[PDB]
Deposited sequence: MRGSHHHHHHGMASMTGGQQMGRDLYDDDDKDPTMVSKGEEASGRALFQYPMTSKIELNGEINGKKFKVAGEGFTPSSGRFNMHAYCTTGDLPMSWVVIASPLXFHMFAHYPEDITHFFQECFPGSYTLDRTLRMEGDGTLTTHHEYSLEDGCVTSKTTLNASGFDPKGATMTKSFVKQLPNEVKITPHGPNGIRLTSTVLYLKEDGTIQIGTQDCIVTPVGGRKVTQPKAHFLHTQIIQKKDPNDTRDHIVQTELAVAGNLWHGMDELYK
């Protein structure tokens, strides 16, 4: 049994994330629940003290195999299983710094675990990422296109909302590569609608967040496919 057949709900997740911003090493761990296709959360916490960057900006680094796909588009992220895939991400906060992440996943026992690394340099320490001045990120559409012989590219533009009510943009560009090193059928070009909600549990004493992603794929522009080969 493989691909969609491996994703029977409910499932769960863990994450271990090691990172570094402007020299400040930090670590985050978490666990979460995926009750159904497209709805998945993550209770996460900085295990080294305070998190030295905005929880809003770290939201994207914190599981595309849990997205809901209609039957008429290939669920690439799921079809990579067994074997898994990696994700390389670059996120440019325009006017402020740039950060990268590398993510490995494995799936055992109804639980996806993610080992993730994060590097971030040249951030304005008076800017919103480092002063933690963001409130949330707006929903958006991630564009997914074939990449190389066996990958996909994900691009997006994200609007981050500051406390003062204004927007900072981040541009985001990811590559996903199966590491089952076997052929996985690539999908047509399409979009993944994505929403992130973050809450605090004031019964957790650590620096922490409770995050839900809703993620739905769709053929938003039926024409888009012909532009990609």
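Mapping the modelled residues onto the deposited sequence reveals missing stretches at 1-41, 104.
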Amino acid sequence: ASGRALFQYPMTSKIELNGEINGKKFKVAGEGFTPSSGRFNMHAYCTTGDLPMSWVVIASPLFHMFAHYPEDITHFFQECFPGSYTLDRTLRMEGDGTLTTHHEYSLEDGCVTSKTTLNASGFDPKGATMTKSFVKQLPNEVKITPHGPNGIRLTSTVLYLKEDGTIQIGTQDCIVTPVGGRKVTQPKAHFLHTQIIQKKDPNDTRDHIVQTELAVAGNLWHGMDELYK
From here on, numbers count along this sequence of modelled residues.
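The PDB entry records a higher mean C-alpha B factor for 200-208 than for its counterpart among 200-208 and 26-34.
Per-stretch averaging of Cα B factors for 177-185 and 47-55 places 177-185 on top. Between the residues 121, 140, 155, 116, the entry's highest C-alpha temperature factor is the one at 121. The entry lists a Cα temperature factor for residue 136 that places it in the middle third of the chain's modelled residues.
For residue 98, the recorded CA temperature factor ranks within the middle third of the chain's modelled residues. Remark: residue 171 belongs to the middle third of its chain, ranked by C-alpha B-factor as recorded. Ranked by Cα temperature factor within the chain, residue 126 sits in the highest third according to the deposited record.
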